[PDB]
Amino acid sequence: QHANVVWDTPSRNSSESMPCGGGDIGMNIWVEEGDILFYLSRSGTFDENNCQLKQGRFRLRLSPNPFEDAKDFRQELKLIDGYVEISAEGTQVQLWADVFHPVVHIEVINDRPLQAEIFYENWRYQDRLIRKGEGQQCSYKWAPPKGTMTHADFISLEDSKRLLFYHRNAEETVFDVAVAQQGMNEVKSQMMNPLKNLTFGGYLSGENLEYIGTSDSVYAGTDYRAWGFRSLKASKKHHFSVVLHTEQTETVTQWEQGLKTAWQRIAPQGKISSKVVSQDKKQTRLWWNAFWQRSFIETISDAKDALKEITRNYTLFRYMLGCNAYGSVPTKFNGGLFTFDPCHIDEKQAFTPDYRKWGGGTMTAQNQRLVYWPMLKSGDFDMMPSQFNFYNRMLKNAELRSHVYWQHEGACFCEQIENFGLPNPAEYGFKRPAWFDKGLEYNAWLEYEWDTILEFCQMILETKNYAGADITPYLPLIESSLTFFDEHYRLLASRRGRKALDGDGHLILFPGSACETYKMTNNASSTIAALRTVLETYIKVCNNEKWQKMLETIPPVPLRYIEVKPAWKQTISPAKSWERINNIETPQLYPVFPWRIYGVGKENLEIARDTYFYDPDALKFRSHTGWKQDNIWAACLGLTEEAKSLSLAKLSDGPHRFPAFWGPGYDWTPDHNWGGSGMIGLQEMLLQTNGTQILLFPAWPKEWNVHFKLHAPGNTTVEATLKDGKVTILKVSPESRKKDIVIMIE
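Residues numbered from 1 in each chain as written, not as in the entry; some residues may be left out. Heavy atoms only, no water.

*Asks:* Describe the overall build of the protein, with residues and values.
*Replies:* Across its full length, the protein carries 17 helices and 31 strands. For a compact globule of 746 residues, the expected C-alpha radius of gyration is about 27 Å, and the protein comes in at 26 Å, within 12% of that figure. If you line up the protein on its principal axes, its C-alpha atoms span 85 × 65 × 45 Å. In the protein, which comprises 746 residues, the proportion classed as buried is 64%. Summed over its atoms, the accessible surface of the protein is roughly 27,500 Å², and 50% of this surface lies on carbon and sulfur atoms. Each charge class in the protein can be summarised by its mean position, and for the 83 positive and 90 negative side chains these summaries are 2 Å apart. (Helix = DSSP H or I, 4+ residues; strand = E, 2+ residues; numbered from the N terminus. Rg over C-alpha atoms; globule rule 2.2 N^0.38 Å. Buried < 20%, exposed > 50% of the residue type's maximum accessible area, 1.4 Å probe, protein only. Areas by Shrake-Rupley, 256 points an atom, 1.4 Å probe, with all protein chains shown as cover. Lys, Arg positive; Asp, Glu negative; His and termini not counted. Charge placed at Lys NZ, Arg CZ, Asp CG, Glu CD.)

*Asks:* Can you explain the sheet that holds strand β31 (residues 741-743)? Please cite residues and give values.
*Replies:* Pairing in this open sheet of three strands is mixed, and the strands run β26-β27-β31 from one edge to the other. Only two strands of the sheet have a single partner each, and these edge strands are β26 (687-690) and β31. With strand direction ignored, the average angle separating the axes of adjacent strands in the sheet is 30°. Contacts from helix α17 (residues 672-686) reach β26 and β27 (693-696) within the one sheet, and its direction differs from that of β26 by about 65°. (Pairing = 2+ DSSP bridges. Axes fitted to C-alpha atoms, helices over the stretch in contact; angles between N-to-C directions. Contact = heavy atoms within 4.5 Å.)

*Asks:* Lay out helix α7 (residues 395-406) in plain terms, naming residues and giving numbers.
*Replies:* With twelve residues, α7 extends 17 Å from end C-alpha to end C-alpha; this agrees with the ideal 16 Å at 1.5 Å per step. Within α7 the residues assigned to the buried category are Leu395, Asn397, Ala398, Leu400, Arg401, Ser402, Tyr405 and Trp406. Residue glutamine 407 follows α7 closely and has a positive phi angle near 50°. (Expected span 1.5 Å × (residues − 1).)

*Asks:* Provide a residue-level description of the state of the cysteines, including the pertinent values.
*Replies:* All told, the structure shown has zero disulfides when counted by the stated rule. Summary of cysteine pairing: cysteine 414 is not part of a disulfide, and the nearest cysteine sulfur, belonging to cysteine 412, is at 5.0 Å. In this structure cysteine 414 comes out as buried when scored by relative accessible area, which is 1%. (Disulfide = S-S within 2.5 Å.)

*Asks:* Go over the packing of aromatic side chains, please, and point to the residues and values.
*Replies:* Remark: the centre distance and the inter-plane angle together describe each pair of aromatic rings, the angle taken between the planes. A full pass over the atoms with the stated rule returns 47 aromatic pairs. Ring geometry for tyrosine 39 and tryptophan 123: centres 6.0 Å apart, planes at 80°, overall edge-to-face. Remark: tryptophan 123 occurs in the loop between β9 (103-122) and β10 (128-129) and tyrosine 39 occurs in strand β4 (residues 35-42); sequence separation between them is 84 residues. Ring centres of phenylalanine 175 and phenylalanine 420 lie 5.3 Å apart, and the angle between their planes is 85°; on these two criteria the pair is classed as edge-to-face. (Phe/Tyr/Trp six-rings, centres within 6.5 Å; stacked < 30°, edge-to-face > 60°.)

*Asks:* I'd like a rundown of the sheet that holds strand β28 (residues 706-712), residues and numbers included.
*Replies:* Taking strand neighbours across the sheet as the criterion, the four strands line up as β17-β28-β29-β30 in an open arrangement whose pairing is antiparallel. The open sheet has two edge strands, β17 (296-298) and β30 (726-733), and neither has a second partner. Each strand of the sheet is rotated relative to its neighbour by a mean of 15°, with strand direction disregarded. Against the sheet, α17 makes contact with β17 and β28, and its axis sits at roughly 95° relative to β28, the strand it touches most.

*Asks:* Lay out the pattern of salt bridges in plain terms, naming residues and giving numbers.
*Replies:* Under the defined criterion, the tally for this structure stands at 35 salt bridges. The closest approach of N and O atoms between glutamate 171 and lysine 196, which form a salt bridge, is 4.0 Å. With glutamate 171 in the loop between β12 (161-168) and α1 (174-181) and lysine 196 in the loop between α1 and β13 (198-206), this residue pair connects regions lying 25 residues apart in the sequence. Given a relative accessible area of 37%, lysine 196 falls into the partly exposed group. With a closest N to O distance of 2.8 Å, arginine 596 and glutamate 684 form a salt bridge. (Salt bridge = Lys/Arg side-chain N within 4 Å of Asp/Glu carboxyl O.)

*Asks:* An account of the pairing of strand β21 (residues 518-524) is needed here, citing residue identities and associated values.
*Replies:* Extensive coverage of β21 is indicated by the burial of seven of its seven residues. Judged from the three bridges that link them, strand β20 (residues 512-514) and β21 form a sheet pairing that is antiparallel. Its bridge partner lying in β21, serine 513 is registered against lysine 519. Taking the residues between adjacent antiparallel strands as the criterion, β20 and β21 are bridged by three residues, where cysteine 515 takes a positive phi near 60°. By the bridge criterion, two bridges tie β21 to strand β25 (residues 580-581) in an arrangement that is antiparallel. Counted as the bridge partner of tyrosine 518 is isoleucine 581 from β25. Relative to strand β24 (residues 575-577), β21 is paired through two bridges, and the arrangement is antiparallel. Counted as the bridge partner of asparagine 522 is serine 577 from β24.

*Asks:* Talk me through the environment of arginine 131; I want residue IDs and the actual numbers.
*Replies:* Structurally, the position occupied by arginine 131 is in the loop between β10 and β11 (149-150). The partly exposed category is assigned to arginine 131, whose relative accessible area is 35%. For the pair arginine 131 and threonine 148, spaced 17 residues apart in the sequence, the C-alpha separation amounts to 8.8 Å. Not counting the four nearest positions on each side in its chain, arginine 131 is found in contact with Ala350, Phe351 and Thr352.

*Asks:* Pulling in residues and values, what's your account of the packing of helix α9 (residues 453-467) against helix α11 (residues 525-539)?
*Replies:* As a packed pair, α9 and α11 sit with axes 10 Å apart at the nearest point and diverge in direction by 25°. As judged from the angle between their axes, α9 and α11 are roughly parallel. Every pair of crossing elements has a handedness; the one defined by α9 and α11 is left-handed. Here α9 contributes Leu454, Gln458 and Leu461 to the contact with α11, which in turn contributes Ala530, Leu531, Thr533, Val534, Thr537 and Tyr538. (Parallel < 35°, antiparallel > 145°, perpendicular 65-115°, else oblique. Left-handed = near helix turned anticlockwise from the far one by under 90°.)

*Asks:* Describe the packing of helix α4 (residues 302-322) against helix α16 (residues 642-651), and please don't skip the residues or the numbers.
*Replies:* What describes two packed helices is the angle between their axes and the distance between those same axes. In contact at an axis separation of 9 Å, α4 and α16 are set at 60° when each is read in the N-to-C sense. When the axes of α4 and α16 are compared, the pair comes out oblique. The way α4 lies across α16 gives a crossing that is left-handed. Residue-level inspection shows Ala306, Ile310 and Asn313 of α4 in contact with α16, the latter providing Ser647, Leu648 and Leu651. Of the residues assigned to the contact of α4 with α16, the class counts are four nonpolar, two polar and no charged. (Nonpolar A, V, L, I, M, F, W, Y, C, P; charged D, E, K, R; others polar.)

This is the structure we're talking about:
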């Protein structure tokens with residue numbers, strides 16, 4: 001038992017919008033001065049500058065409008081069935097997306113016959129020059145070449161099919177620019193190109209509609225054109241469909257064809273088969289019903305109000321993640337699929353609705369990982385490949401890097417990575433010395449940060465461990481990723497000295513970095529904990545000995561002493577050595593999470609706790625904002641009250657009307673690494689794994705009553721309840737695992 005989001009009065013602007021999606025599609029939906037407005041974003045729609053374009057904005061007006069000064073207004077997110085419902089006296093509108101097909105549906109049911117106008121609004125009707133600061137939404141960031149523009153869409157007026165909109169990419173894209181910049185033209189002809197000719201759009205369609213002409217205005221400081229359709233005859237029912245298609249094609253004909261094929265499915269002889277759309281609808285709702293059975297964290301005086309808040313928000317976010325199961329590319333951290341008009345976020349950055357900070361086809365690994373990690377314990381295993389394929393798609397490209405720059409095998413996956421496997425052109429350096437290594441970013445924050453891929457590698461393996469997933473398509477990726485660290489730091493040492501290993505026969509991890517925070521490291525704890533834990537884990541799943549050899553070559557995690565404001569405390573060191581500090585991450589707790597070397601029910605917990613409580617960089621960097629993992633670590637170290645405080649802070653209502661729209665923090669709104677991280681935190685307070693143990697309530701307060709169900713390794717599922725400090729229930733499946741449970745509530 002939980003709660004939907006119910007607004008009983010209309011919304012003022014696009015920031016006061018509601019998420020709704022499914023499949024690879026996300027809509028922001030709201031009602032403003034009697035109009036039903038929805039933005040429509042789909043995963044993977046990257047322009048020639050690698051900006052994530054929204055497909056458009058949709059407007060629905062009824063006449064006489066029952067939403068004008070309406071009594072009994074109600075916009076409701078109907079979680080269980082994954083659809084939004086807007087209703088007022090004798091009218092009921094439903095919006096949903098098919099989970100199994102790229103199609104949005106609007107349904108109107110009126111007691112009396114009403115008239116309906118539907119408008120398709122597109123602000124890319126003509127070329128628009130990228131203004132100062134607008135580059136952040138693309139790969140050029142702060143330095144878009146003079147005369148760089150967002151190219152125009154192709155709208156046109158030709159069954160029930162009415163309107164055709166699409167954007168098409170040219171042959172020349174930021175890919176070709178970046179290939180040149182980083183000197184890989186030699187091997188360009190062997191590289192996957194995600195952007196060349198990439199085309200994406202669809203049909204607006206309905207029965208009982210005529211065209212009512214074009215019209216021009218401004219929505220949120222953004223000029224736009226609108227095409228309008230009006231129903232020939234008033235009617236008790238009205239049904240509109242939007243049908244999308246995405247593809248790289250030699251001609252526009254080829255693309256159109258694929259769109260037609262998708263359109264025919266739902267309109268076999270030109271009309272929208274309400275038989276077919278009923279199956280689609282039924283399927284979709286079952287899927288959502290199943291969705292809310294995979295996992296949950298629910299409740300059962302303002303203490304309870306606050307718990308309800310975070311559990312509610314935890315859930316609302318999970319909905320948002322759900323909207324992009326089966327995306328070809330992952331839910332992005334910086335807005336996801338639910339960006340709105342920038343001006344509501346920052347007036348200095350008031351650009352098109354296609355705008356967000358930190359790029360579109362450009363995705364920072366450290367953020368992306370926080371979106372996905374929580375999908376293991378929530379059982380959302382089928383969504384995670386969206387994230388895995390992103391990297392698998394560019395494995396050949398990331399390898400050709402290492403071939404070109406250092407003539408060795410293995411994939412070089414930079415931190416701020418494009419969808420084509422090279423680092424972001426801007427961060428690589430536009431004004432860089434001729435002599436500098438072509439494989440290295442001319443960058444103080446990013447140089448030698450290649451280790452986040454290993455977190456995704458761990459995710460892949462953990463899908464096997466948690467859900468028996470078939471991960472055969474990924475093994476090459478995992479192997480190539482490890483091969484790099486071995487072949488790189490061997491070669492670097494052999495070029496510098498006579499020995500390629502240290503005197504303990506271990507790898508010499510220099511130059512490295514501990515995330516983006518400690519730079520030019522020797523033997524960072526973060527990178528080590530990773531190689532150790534990935535290899536340990538990949539050994540259990542591969543008899544080959546090359547991997548046990550390499551595990552023996554991994555140096556130990558470095559520790560150190562710190563004085564306390566005497567007495568000395570022993571903590572985890574950032575690294576054996578570093579040159580400087582350029583950020584506010586805390587990679588000396590990466591052995592706590594993600595790699596779970598230290599943690600509850602594991603050795604030397606006192607070391608980790610002291611790192612959390614006394615490392616003065618960690619103290620200084622502690623926070624609940626954005627990606628800050630202090631909430632996670634607190635929980636993994638069994639510090640309730642600390643975890644309680646942070647998780648309260650992290651998951652409490654965001655600044656917009658929908659309460660799980662958090663941001664912008666260090667990123668963009670809706671911040672998804674905010675949600676993601678926050679999920680992780682709540683999850684770890686309840687359930688942790690320690691070998692084959694399942695530790696329940698490791699960092700959960702007695703006075704928080706809870707009913708949850710989370711996953712654990714070996715297709716295991718734990719449903720439990722705490723009430724007035726008693727574990728009143730336990731339902732465990734398979735039952736053989738019930739004896740592995742350890743209750744920790746004291």
